[PDB]
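Have a look at the structure below, then the notes.
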Amino acid sequence: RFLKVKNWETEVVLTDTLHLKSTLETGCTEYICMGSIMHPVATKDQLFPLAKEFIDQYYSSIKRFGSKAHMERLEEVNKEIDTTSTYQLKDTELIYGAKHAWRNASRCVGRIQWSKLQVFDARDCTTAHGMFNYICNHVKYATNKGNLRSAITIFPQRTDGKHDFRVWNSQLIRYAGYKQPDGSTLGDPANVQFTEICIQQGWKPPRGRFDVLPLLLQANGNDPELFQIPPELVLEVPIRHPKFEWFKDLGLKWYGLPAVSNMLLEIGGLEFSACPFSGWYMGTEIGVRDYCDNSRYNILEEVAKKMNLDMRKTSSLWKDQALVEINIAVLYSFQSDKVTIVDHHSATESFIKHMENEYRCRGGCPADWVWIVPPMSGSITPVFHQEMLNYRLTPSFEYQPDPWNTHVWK
Amino acid sequence: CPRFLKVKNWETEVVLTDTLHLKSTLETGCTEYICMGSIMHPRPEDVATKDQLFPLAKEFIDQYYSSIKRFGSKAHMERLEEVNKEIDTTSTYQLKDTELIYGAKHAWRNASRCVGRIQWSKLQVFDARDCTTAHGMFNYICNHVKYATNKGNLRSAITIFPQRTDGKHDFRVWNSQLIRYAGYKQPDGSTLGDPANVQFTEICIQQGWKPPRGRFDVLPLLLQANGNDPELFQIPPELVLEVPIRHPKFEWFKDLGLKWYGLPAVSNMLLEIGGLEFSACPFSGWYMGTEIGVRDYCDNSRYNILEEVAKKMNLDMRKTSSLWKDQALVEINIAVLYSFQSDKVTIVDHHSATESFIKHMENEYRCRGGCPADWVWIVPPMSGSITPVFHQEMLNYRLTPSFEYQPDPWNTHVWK
Ligand code: HEM
Ligand code: HEM
Ligand SMILES: Cc1cc(N)nc2cc(-c3ccc(OCC4CC4)c(CN)c3)ccc12
Ligand SMILES: Cc1cc(N)nc2cc(-c3ccc(OCC4CC4)c(CN)c3)ccc12
Ligand SMILES: C[C@H](O)[C@H](O)[C@H]1CNc2nc(N)[nH]c(=O)c2N1
Ligand SMILES: C[C@H](O)[C@H](O)[C@H]1CNc2nc(N)[nH]c(=O)c2N1
Ligand SMILES: [Zn+2]
């Protein structure tokens, strides 16, 4: 059945037919909704239908369904799954599949940009040194002196599960976290475990507050190897406030390039376990989550201190006042340094426009309200009042286990 | 369905185990392949047949005697048999007072979207099932308002009018809340008062209400008894507690002339107990500040005062990345909380309410085996991630007794 989604602010109603094309499961049932649950080695047998599905949708996309090339590709992929237990995507298919994995990412508010993705084919990589080279080129290309450009670098696909390529880092650029003897945490608390794994692997921590972690790179299932990103490649922004001259005295900074490196890219039944992809930041991703979460930098109290706010009772909303000011500073700093960044009002406004486009030309847009709504000022953004339908299309980005839980060392 | 389901809090690492989901009775609207969790809502002749009513009544009666640790008792088997005979001879049955009170408290306890359920067992239940006329409904509602208001020391309460019979004799409160402000659509397209209430205001004016046409005109009650045409009543103004909104720092804030009413009393929902349908069941608690300060004031299709407040704050309103909207939203919510606390009218900030809900949820998981919760509604409309419910996974499911949506009565009513 067709399904309608209403925006309760504009009263626009859109009709979803695209959900009818999905086959993966969401985790909900008719009686239980798991919409706020964060996470609810193929064979030739399972592989060909997935490949056939994806080839069919590719040749449908380029308006050549049932063509000579289409019939030939199908048979070409048929004989190759038979005789090799897998197949290899054409370059065109790889690009199409990566763009559509972004397009199908129900949790991403930045998808208005989806077809503007620079795809780096790294399927000929064999060693971690090679991965490091490919990754530096990604970081340099995507950073582009502050005029950030979305990119993805795709390493060789999984074969037997024993030879995976993995980026052990959760992002390419992240700050170290140090669990202090006195209990607390220096640096970034999100990364305490990974930082310890890098130290145990030989990394010599500077033990500052903003130490860029090394790359820890696993090629073809071998042990991971440490690499330092050349510092001239790592663009950073000192956070200052446009009114509070004392803000810069907090000593804060962040990196310009958000580049997620621990997810899995699935295309036509093939699994790409190393596929770092980058875009540019929405300001709340730094100023709200990375700075004010209890298990992150947790700087809310100091800012409210310097603002001389009454912090005795929660109903003074001192946390809310300090949160807005931190986010003002983040946007101001990136914009003053001409580093690409988007505020949650512009981003969500763009996403509503993106939804309109997708419903017109595609029949729907899978979208995860729980993730699309920004972590502050929810209802004064247009996505808050936008009903969304969440469903799982492929190609897709998926979660995968942390490598240090599966990898057999030597 | 799997027997145990785990939810995790990603801030504290606490993992909880849900078994209560196995008792879920109605559909969420999700399927295996689609999630409808952000859809807001996923005939008058049709009432429960005898065959439909039997299992629904037995399920609730069982649950009630289980709750009072008398399951399988003589009194339990007797009640079952008495209910069954009533349904056989009369096609319906009547709840005992004890069962009515238990059902109403559990409809609140089961309300997945309510952040305030830590209070669920402290609900004053007024049995208005002897009511016959809209004048009688007005009396019951005035008494409700006065008790729940309690001079600003608000107390949660529900008033339950007679259940549905054949569907042609419904009791209904046409108001969406007992106390709301009129909205008037002007000829020039602008709105005076509360734009959320323009349609209902028009209905009241058509029914004979003489509007004052101000910004904050308490709407009259429009009350339907026993399926008759609804009738208008003015709530005595001494019973409508109101708070003028001022700001602890901004002296000019009072010059906005804003005020709000103290008692949030939702009156358009349906209470379902044991297959019985109580189409008129106004219930009230007290406000979370953001229900006024974020939604009621700063929604675009509401009072929409963000801009005016930002002007008086001398913010740059040309670029969105100055976050002038966010800065103004906070100040408005500071004022709402400060004005209610100053006048000693119960109110709860979103930090306190969500922390209590977390403690509540944990207790329910411990003592009950779960707690249905709708994250999309539990997370407050501002500052979501700096409240503890943001990082708390939740399972949503529909238990009974429950509060249900129902069509607006002007759309179904058969005018006499
Ligand atoms: C171009 C600018 C982009 C912006 C502003 C943006 C914004 C965001 C934000 C705010 C989130 C939520 C993150 C969080 O709160 O933790 C998100 C999630 C996500 N983004 Fe985007 N994004 C961008 C580009 C991209 C690109 C280039 C890709 C891949 C090619 C991508 C794939 C994803 C995925 C897969 C998720 C959700 C991951 C999951 O399912 O857990 N995004 N994005
Ligand atoms: C005592 C203080 C209470 C507080 C602080 C509170 C808080 C809230 C809030 C913030 C919402 C979301 C409203 C919105 O965003 O529009 C809500 C919804 C709701 N509350 Fe509570 N509430 C309270 C009392 C009660 C009582 C006494 C009942 C019933 C006996 C109740 C039943 C409900 C229901 C049924 C809904 C959502 C209905 C729906 O749309 O599905 N609440 N509550
Ligand atoms: C390309 C891109 C740009 C951007 N501007 N933002 C992005 C955020 C995520 C993302 C995905 C999952 C995720 O985490 C899931 C759960 C917290 C563990 C997080 C949290 N860092 C971020 C992924 C990609 C992003
Ligand atoms: C007792 C009580 C106290 C309170 N403090 N708050 C409450 C809010 C609602 C409630 C329920 C549904 C609903 O909306 C239905 C659909 C969105 C239109 C609204 C919107 N007014 C409020 C109901 C009861 C409440
Ligand atoms: C589209 C979306 O479901 C709708 O705006 C919901 C979202 N969450 C909400 N949450 C609360 N508490 N109250 C609301 O009215 C809404 N509205
Ligand atoms: C429990 C909850 O699902 C979890 O904390 C989610 C909620 N929504 C989110 N939304 C975004 N954009 N980013 C997040 O990390 C989260 N966290
Ligand atoms: Zn769902």
Side-chain angles (χ1 to χ4, degrees), chain B residues 60 63-64 67-68 94-111 113-131 135-163 171-173 175-180 221 223 225 233 235-236 238-243 261-274 276-288 291 340 344-348 352-353 356-357 360 363-364 368 399-404:
Chain B
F60 166 78
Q63 175 205 148
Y64 170 76
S67 79
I68 58 161
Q94 301 297 314
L95 298 168
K96 293 300 167 49
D97 294 358
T98 49
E99 297 165 351
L100 187 81
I101 295 156
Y102 166 90
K105 286 179 186 188
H106 281 254
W108 186 9
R109 195 191 192 176
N110 296 340
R113 289 174 174 182
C114 180
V115 75
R117 289 176 275 165
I118 191 164
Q119 291 286 339
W120 70 268
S121 63
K122 180 170 164 43
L123 178 73
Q124 186 54 47
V125 171
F126 298 113
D127 184 353
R129 287 176 296 168
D130 67 1
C131 200
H135 282 87
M137 293 179 72
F138 172 72
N139 190 43
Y140 270 110
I141 287 172
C142 290
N143 293 347
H144 180 139
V145 170
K146 191 184 192 163
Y147 168 95
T149 295
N150 189 25
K151 303 189 182 300
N153 190 12
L154 321 186
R155 304 177 286 202
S156 72
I158 181 169
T159 298
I160 304 171
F161 293 109
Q163 68 214 42
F171 286 68
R172 292 296 291 275
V173 182
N175 308 67
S176 56
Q177 303 177 19
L178 303 178
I179 300 170
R180 303 278 300 259
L221 297 168
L223 305 178
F233 307 91
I235 295 168
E238 64 271 15
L239 290 181
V240 184
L241 180 62
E242 296 187 296
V243 183
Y261 52 90
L263 186 76
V266 163
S267 64
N268 58 0
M269 295 192 74
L270 182 148
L271 164 57
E272 196 234 88
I273 303 168
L276 298 179
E277 293 180 308
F278 294 96
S279 54
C281 57
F283 49 88
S284 62
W286 52 81
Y287 268 117
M288 196 166 71
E291 302 176 83
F340 270 67
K344 297 192 177 63
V345 177
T346 307
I347 197 169
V348 66
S352 165
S356 304
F357 182 76
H360 171 61
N363 185 55
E364 293 285 87
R368 202 188 182 199
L399 302 165
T400 49
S402 55
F403 293 109
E404 300 294 338

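The figures that follow rest on heavy atoms only: side chains count, while hydrogens, waters and symmetry mates do not. So that the names make sense, note that chain A is the first sequence line, chain B the second, and so on, each numbered from 1.
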ask   = Where does the angle between the aromatic ring planes of B:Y102 and B:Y64 fall among parallel (under 30°), tilted (30 to 60°) and perpendicular (over 60°)?
value =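 Geometry flag for B:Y64 against B:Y102: perpendicular rings.
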task = Report the relative orientation of the aromatic rings in B:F138 and B:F233; use parallel for angles under 30°, tilted for 30 to 60°, perpendicular for over 60°.
result =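 B:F138 and B:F233: parallel rings.
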Note, [X] side chain near [Y] side chain (heavy atom, < 4.5 Å):
{"X": "B:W286", "Y": "B:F340", "result": "no"}
{"X": "B:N268", "Y": "B:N175", "result": "no"}
{"X": "B:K344", "Y": "B:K151", "result": "no"}

Rounded to the nearest 0.5 Å, how far does [atom2] of [Y] lie from [atom1] of [X]?
{"X": "B:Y140", "Y": "B:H135", "atom1": "OH", "atom2": "NE2", "result": "15.5 Å"}
{"X": "B:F171", "Y": "B:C281", "atom1": "CZ", "atom2": "SG", "result": "13.5 Å"}
{"X": "B:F278", "Y": "B:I158", "atom1": "CZ", "atom2": "CD1", "result": "9.5 Å"}

task = Go through the side-chain N and O atoms of B:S279 and B:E277 and say whether any donor and acceptor fall under 3.5 Å apart.
result =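 Note: B:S279 and B:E277 side chains miss the donor-acceptor criterion.
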query = Quick one: does B:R129's side chain have a donor or acceptor within less than 3.5 Å of a partner on B:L95's backbone?
reply =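 Checked: pair present.
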message = Whether the side chain of B:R109 engages the backbone of B:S121 through a donor-acceptor N/O pair (distance < 3.5 Å, no angle test) should be reported.
response =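 Checked: no pair found.
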query = Are B:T400 and B:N110 close enough, and set up right, to give a side-chain contact (heavy atoms from CB on, under 4.5 Å), and what steps lead you there?
reply = CA-CA 7 Å; B:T400 49; B:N110 296 340; 5.7 Å; no
task = Decide yes or no on side-chain contact (heavy atoms from CB on, under 4.5 Å) for B:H144 and B:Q124, but give the supporting numbers first.
result = CA-CA 9 Å; B:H144 180 139; B:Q124 186 54 47; over 6 Å; no
inquiry  = Less than 4.0 angstrom from a charged side-chain N to a carboxylate O is my criterion; do B:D127 and B:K96 meet it?
reply    =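 Looking at B:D127 and B:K96, the cut-off is not met.
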ask   = Of B:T149, B:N153, B:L263, which is the lone residue that meets side-chain contact (heavy atoms from CB on, under 4.5 Å) with B:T346?
value =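 So the option named by the test is B:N153.
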request  = Show the numbers, then the answer: is there a side-chain contact (heavy atoms from CB on, under 4.5 Å) between B:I347 and B:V243?
outcome  = CA-CA 11 Å; B:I347 197 169; B:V243 183; over 6 Å; no
